[PDB]
Amino acid sequence: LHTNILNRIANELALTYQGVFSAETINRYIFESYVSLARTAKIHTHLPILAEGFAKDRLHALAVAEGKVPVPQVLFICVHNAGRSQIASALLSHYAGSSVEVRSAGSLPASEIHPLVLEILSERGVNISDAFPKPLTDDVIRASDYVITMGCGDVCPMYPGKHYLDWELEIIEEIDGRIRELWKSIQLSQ
Amino acid sequence: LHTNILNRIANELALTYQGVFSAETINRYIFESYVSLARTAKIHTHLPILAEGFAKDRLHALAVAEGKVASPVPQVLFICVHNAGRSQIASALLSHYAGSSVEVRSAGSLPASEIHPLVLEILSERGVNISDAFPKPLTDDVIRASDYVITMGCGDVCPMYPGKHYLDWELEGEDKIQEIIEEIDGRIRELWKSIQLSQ
Numbered sequence: 009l010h011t012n013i014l015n016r017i018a019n020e021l022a023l024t025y026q027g028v029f030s031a032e033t034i035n036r037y038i039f040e041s042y043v044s045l046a047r048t049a050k051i052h053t054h055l056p057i058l059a060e061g062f063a064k065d066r067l068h069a070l071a072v073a074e075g076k077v080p081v082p083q084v085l086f087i088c089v090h091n092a093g094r095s096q097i098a099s100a101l102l103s104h105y106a107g108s109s110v111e112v113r114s115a116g117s118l119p120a121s122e123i124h125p126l127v128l129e130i131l132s133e134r135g136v137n138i139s140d141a142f143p144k145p146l147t148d149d150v151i152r153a154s155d156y157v158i159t160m161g162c163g164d165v166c167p168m169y170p171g172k173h174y175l176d177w178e179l192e193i194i195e196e197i198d199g200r201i202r203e204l205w206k207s208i209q210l211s212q
Numbered sequence: 009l010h011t012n013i014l015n016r017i018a019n020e021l022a023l024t025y026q027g028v029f030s031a032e033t034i035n036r037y038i039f040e041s042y043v044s045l046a047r048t049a050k051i052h053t054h055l056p057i058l059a060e061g062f063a064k065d066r067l068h069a070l071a072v073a074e075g076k077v078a079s080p081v082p083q084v085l086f087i088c089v090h091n092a093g094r095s096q097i098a099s100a101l102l103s104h105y106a107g108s109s110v111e112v113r114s115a116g117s118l119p120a121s122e123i124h125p126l127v128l129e130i131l132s133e134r135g136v137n138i139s140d141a142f143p144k145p146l147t148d149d150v151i152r153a154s155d156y157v158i159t160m161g162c163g164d165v166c167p168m169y170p171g172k173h174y175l176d177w178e179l185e186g187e188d189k190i191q192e193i194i195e196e197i198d199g200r201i202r203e204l205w206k207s208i209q210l211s212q
């Protein structure tokens, strides 16, 4: 059904990462991300878009982690990656622009973003395009200088050299507060 | 904690799969597998061990998918929602009839943290080995390796590769764990008879 486009996508990503990761690794990234998201979103017609965005962001994080690439890298984890971590990631990138790279993930991803998140967000001028629930993966953790867990519990490998923060909390309000402080603090630690 | 242990396992696996897969692939295999399991099972002191087992099985599946393993036996995969009941039952019953004559795998769309305790107890009571089993998510490498892929209520989560037998064994509510084991056993018997004949 999507084999051909995934193959063509893999080919294009493999070219992009030519001297950095082999085609083999690239192939695996694309097919595994596809299946990984299918598990919670089901096979649908938008899936190859989501699989490619996920694989692409995961590869750049891996390249970051392996010193192959670089601004500060922040990761937000909640359970479903539909509400909380999505808001927190949207607000940070809103305030910080391209001075940070911000990602989010879930331990138990929902099939879609919560109806309200998009867009109480645009109603505050806040960009949230190409947002989807996605599973937590290792590469994005390795990449991160800062990891903010938000009710997921103990799902995250503790890598040395990172700042791990736990945030126990419509709810966009409180998050807003904490994201502004966070950014202030991140910006200041450079 | 586990990061350093995981590093040791990747080094060892790098060297074992040298000539076959890129070290970069091998290293992702172990850490991604760990993180995958951690999502549903949580960090516990034995997560590194289950991750190593899962990675090693996954790398073998990928070796097979790509014809890097000579004379493979038939490869069968069962898939249900939580990889705690249905697929674990089916997988253990087929290994129990077939032994070394097939490689059997299972997986879930939404793994539980552990096998259903009653599954463990009932299979145990009738002498079916089920001991190193654990719920794990569906991954692409094991689909590619598989000659038979059997679906048991997971929904449309599984890509449809050519060269394979796709079987669907769940076309309100459900029966007692007891009865599901019996229905599945009946189906596993026919599947095993059929597999034996078709080779």
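Chains B and A, in that order, are what the protein sequence lines are. Those letters in the first sequence? Residues 9 to 77, 80 to 179, 192 to 212, per the authors' numbering, in order. Those letters in the second sequence? Residues 9 to 179, 185 to 212, per the authors' numbering, in order. Every residue gets a Cβ at the ideal spot worked out from N, C-alpha and C, and that includes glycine.
- DSSP assignment within the segment 82-108 of chain A yields the following whole beta strand (DSSP E) runs of 3 residues or more, N-terminal first: 83-88.
- Within the model, the alpha-carbon separation for B:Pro82 versus B:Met160 is close to 20 Å.
- Taking CB atoms only, B:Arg94 has no neighbour in chain A less than 7 Å away.
- Against chain A, the beta carbon of B:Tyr25 has no neighbour under 9 Å; the closest one sits roughly 11 Å away.
- By the neighbour-count criterion, in which a residue is buried when 16 or more other Cβ atoms sit within 10 angstroms of its Cβ, A:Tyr174 is exposed.
- A:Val165 and B:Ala46 do touch by the CB rule: their CB atoms are close to 5 Å apart, below 8 Å.
- Per DSSP, B:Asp176 is one residue of the beta strand (DSSP E) stretching across 173-176.
- Only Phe29, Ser30, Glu32, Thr33, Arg36, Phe39, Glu40, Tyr42, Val43, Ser44, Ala46, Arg47 from the segment 26-47 of chain A bring a Cβ to less than 8 Å from some Cβ of chain B.
- Inter-residue distance for B:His90 and A:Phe86 is about 26 Å (C-alpha atoms, whole angstroms).
- Rounded to whole angstroms, the gap between the alpha carbons of B:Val127 and B:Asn137 is 11 Å.
- Around the beta carbon of A:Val43, 16 or more other beta carbons sit within 10 angstroms, so the residue counts as buried.
- A Cβ-Cβ contact shorter than 7 Å links A:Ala92 with A:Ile123.
- For A:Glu129, the uninterrupted alpha helix (DSSP H) run begins and ends at 125-133, by DSSP.
- The shortest C-alpha to C-alpha distance from B:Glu111 to any of B:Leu118, B:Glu40, B:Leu131, B:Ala73 is the one to B:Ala73.
- In the DSSP assignment, B:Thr11 falls within the alpha helix (DSSP H) that extends over 11-24.
- No Cβ-Cβ contact shorter than 7 Å links B:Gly27 with B:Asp140.
- Residue state for A:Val72 is assigned as helix, using DSSP reduced to three classes.
- Burial check for A:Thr24: the Cβ neighbour count within 10 Å stays below 16, so the residue is exposed.
- B:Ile158 has B:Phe86, B:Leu175 as its beta-bridge partners, per DSSP.
- In the DSSP secondary-structure assignment, A:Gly116 is bridged to A:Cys88, A:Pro145.
- Secondary structure note for B:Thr48: its alpha helix (DSSP H) is the uninterrupted segment 31-49.
- Using beta-carbon distances, A:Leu9 counts as an interface residue toward chain B, with a partner under 7 Å.
- The beta carbon of B:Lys64 does not come within 7 Å of any beta carbon belonging to chain A, so the residue lies off that interface.
- A contact is defined here as three or more CB-CB pairs under 8 Å, and the segment 10-17 of chain A fails this definition with respect to the segment 112-122 of chain B.
- Per DSSP, reduced to three states, the secondary structure at A:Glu111 is strand.
- Not a single C-beta of chain A is nearer than 7 Å to the C-beta of B:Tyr105.
- Between the alpha carbons of A:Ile38 and A:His54 lies a distance of about 14 Å.
- Residue-level contact by beta carbon holds for A:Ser117 and chain B, with a gap shorter than 7 Å.
- Exclusion of the five residues before and after A:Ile130 leaves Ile190, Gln191, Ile194 as the residues of its chain whose Cβ lies within less than 8 Å of its Cβ.
- A:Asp188 carries a coil assignment under DSSP once its states are collapsed to helix, strand and coil.
- A straight line joining the alpha-carbon of B:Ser109 with that of A:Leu146 spans about 36 Å.
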